[PDB]
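Below is one structure, written out as structure tokens; comments come after it.
Every number here is computed from the coordinates shown, using simple stated rules; none is lab data. Every residue, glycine among them, receives a Cβ derived from its backbone with ideal geometry; neighbour counts consider all protein chains shown.
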Amino acid sequence: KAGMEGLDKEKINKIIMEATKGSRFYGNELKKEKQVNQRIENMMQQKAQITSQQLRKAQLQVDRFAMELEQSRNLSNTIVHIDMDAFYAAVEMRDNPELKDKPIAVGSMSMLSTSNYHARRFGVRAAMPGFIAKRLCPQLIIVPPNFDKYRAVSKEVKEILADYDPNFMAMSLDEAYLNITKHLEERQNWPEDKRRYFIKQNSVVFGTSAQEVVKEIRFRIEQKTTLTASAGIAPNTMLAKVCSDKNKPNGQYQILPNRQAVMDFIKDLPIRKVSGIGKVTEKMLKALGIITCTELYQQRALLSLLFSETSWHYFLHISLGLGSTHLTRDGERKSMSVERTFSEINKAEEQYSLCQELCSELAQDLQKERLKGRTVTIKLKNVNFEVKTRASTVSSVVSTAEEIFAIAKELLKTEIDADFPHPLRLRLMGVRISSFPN
DNA sequence: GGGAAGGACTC
DNA sequence: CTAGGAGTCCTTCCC
Ligand SMILES: [Mg+2]
Ligand SMILES: [Mg+2]
């Protein structure tokens with residue numbers, strides 16, 4: 001909940017529930033929770049069959065591993081995570097001044113991509129459907145998303161970022177990591193005028209410290225675009241991101257570059273505030289008595305024998321406050337996809353032609369990157385939100401509508417057939433091309 | 001070690 | 001169109 005707290009979680013939760021109670025969605029949502037409780041159940045079973053000598057041995061490895069990490073802990077880099085405030089809303093408020101005074105969201109009546117802060121006061125958030133949102137805030141204006149407009153402001157701000165780190169990596173249209181470690185060195189020798197900017201006396205000079213260079217960035221960002229950003233400063237990416245939210249909107253937070261600072265932050269940081277730990281992992285760990293990053297580190301024993309090698313390796317990093325100190329600046333796309341949810345469709349005649357408009361639309365997007373690919377996956381979703389997913393890869397490549405529809409046509413047919421005589425009651429369909437030459 | 005199927009997570 | 005769409009990475013399962 002990254003914005004408004006101190007909310008009437010009673011009148012809000014009641015409304016959300018009344019508008020979800022007997023829904024077809026909530027039904028599936030309930031079966032999911034059952035499925036997640038089962039998963040916990042097998043974990044809790046696996047736990048019950050561990051012997052203290054088994055556990056004790058785990059302690060040896062994990063502590064040795066820890067010790068290795070701890071020795072290669074890097075506190076030399078200053079990483080900044082920039083995170084625009086209520087981004088899609090804000091852009092729209094900028095574009096259309098009228099809206100600047102009221103609660104608004106960007107999305108549809110059936111789903112919100114975000115919502116400006118005034119609306120968050122009513123508990124209106126992203127991922128929440130616009131019709132529930134409107135019940136929370138009957139005067140909410142929902143604005144349709146216009147990605148071209150958002151991409152502009154994105155590259156409008158990416159222009160400020162390159163100054164402080166030509167190598168900065170963007171994560172989305174409103175987020176990027178910067179490693180200002182090198183800028184911070186050169187900046188120590190910068191005279192006033194090189195760090196003095198004219199407002200909207202009318203001028204300010206920014207200091208020489210990381211804290212200031214980030215104030216300066218945020219300032220330039222607000223002045224050039226009209227929008228406000230928040231920022232996190234810390235030794236590595238994982239912390240920098242947690243920090244960029246500690247003071248939203250329009251503020252910033254630093255963890256100073258020393259072990260203890262890190263350690264003091266982490267201590268009581270709820271594990272869910274970390275990027276990559278979701279709703280499920282939270283619940284699974286809460287089940288083992290794990291809520292804060294301290295509790296996560298103290299169970300490093302158990303974790304290495306209940307979870308995939310990659311999950312505990314990862315969990316351990318977080319528990320010790322480690323993260324990336326080096327922005328990969330990688331890239332290259334793994335897949336491209338087009339999918340669409342719609343008022344029910346059970347007629348195979350249209351199911352086939354929807355798959356065509358999709359395959360066809362995909363081809364064009366795929367075309368603009370001049371990309372070609374071997375694998376093709378369709379994705380159908382019942383009227384009950386159950387999702388199927390059927391793949392097929394050929395051995396040539398395939399690129400245009402007709403050829404990509406060629407394969408998707410068939411995959412669709414097999415599932416219509418598989419359920420015959422009963423037709424497939426669909427709310428969603430989608431088509432994903434992947435495995436590109438490389 | 002190249003598939004296919006289902007999911008967790010995040011924006 | 002009255003619970004999105006887009007993408008990546010993982011976990012498991014078979015030649
Ligand atoms: Mg943001
Ligand atoms: Mg999280």
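Please work out the FRET efficiency for the pair A:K21 and A:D193, using the Cβ-Cβ distance as r and a Förster radius of 56 Å; give the result to the nearest 0.05. Efficiency at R0 = 56 Å is approximately 0.30.
Need one word for segment A:86-144: rounded, prolate or oblate. Basis is the Cα gyration tensor (sqrt eigenvalues a ≥ b ≥ c); a/c below 1.5 gives rounded, then a/b vs b/c decides. The shape class here is prolate. Ranked by how many other Cβ atoms sit within 10 Å of their own Cβ, fewest first, the residues A:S395, A:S360 fall in the order A:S395, A:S360. Rounded, prolate or oblate: which fits segment A:32-191 when a ≥ b ≥ c are the square roots of the eigenvalues of the alpha-carbon gyration tensor, with rounded for a/c under 1.5 and prolate only if a/b beats b/c? Oblate. Taking a point 7 Å from the Cα of A:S360 along the Cα-to-Cβ direction, the residues of segment A:395-420 with backbone N closer than 12 Å to it are A:401-402, A:405. Per-residue Cβ neighbour counts within 10 Å put A:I160, A:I12 in the sequence A:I12, A:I160, beginning with the fewest.
Going by neighbour counts of Cβ atoms within 10 Å, the residues A:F405, A:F436 line up, fewest first, as A:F436, A:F405. Along the Cα-to-C-beta direction of A:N384, a point sits 7 Å from the Cα; which residues of segment A:413-430 have their amide N less than 16 Å from that point? Answer for segment A:413-430: A:419-420, A:422-428. Converting phi to 3J(HN,Hα) with the Karplus coefficients 6.51, -1.76 and 1.60 and the offset θ = phi - 60°, segment A:385-391 yields 6, 6, 10, 9, 7, 10, 10 Hz in sequence order, with x at every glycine or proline. Between the amide H of A:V394 and any residue lying 5 or more places away or on another chain, no distance stays under 5 Å, with hydrogens modeled in the peptide plane.
For chain A, the C-alpha radius of gyration sits at 1.13 times the compact-globule guess of 2.2 N^0.38 Å, with N the residue count. If the segment from A:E349 to A:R259 were pulled out straight at 0.36 nm per residue, it would be longer than the present Cα-Cα gap by 26.0 nm. Assuming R0 = 56 Å, can you tell me the calculated FRET efficiency for the pair A:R340 and A:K200, based on Cβ-Cβ distance, to the nearest 0.05? So the FRET efficiency works out to roughly 0.80. Summing Cβ point charges (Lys, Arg +1; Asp, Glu -1) relative to the Cα centre of chain A gives a dipole of roughly 900 debye.
Using 18 Å as the Cα-Cα cut-off, could you pick out the over-long pairs in A:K1/A:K241; A:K31/A:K286; A:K9/A:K134; A:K149/A:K246; A:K283/A:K379; A:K14/A:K381? Among A:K1/A:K241; A:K31/A:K286; A:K9/A:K134; A:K149/A:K246; A:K283/A:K379; A:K14/A:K381, the Cα-Cα distance tops 18 Å for A:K31/A:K286; A:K149/A:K246; A:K283/A:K379; A:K14/A:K381. Computed 3J(HN,Hα) for segment A:423-437, one whole-Hz value per residue from the Karplus formula 6.51 cos²θ - 1.76 cosθ + 1.60 where θ = phi - 60°, is x, 8, 7, 10, 10, 9, 9, x, 9, 10, 8, 7, 6, 8, x, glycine and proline marked x. Residues whose amide H lies under 5 Å from that of A:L112, counting only those 5 or more places away or on a different chain, are A:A127, A:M128, A:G130; hydrogens are built 1.01 Å from N in the peptide plane.
Full extension of the segment from A:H422 to A:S275, taken as 0.36 nm per residue of separation minus the current Cα-Cα distance, would add 48.7 nm.
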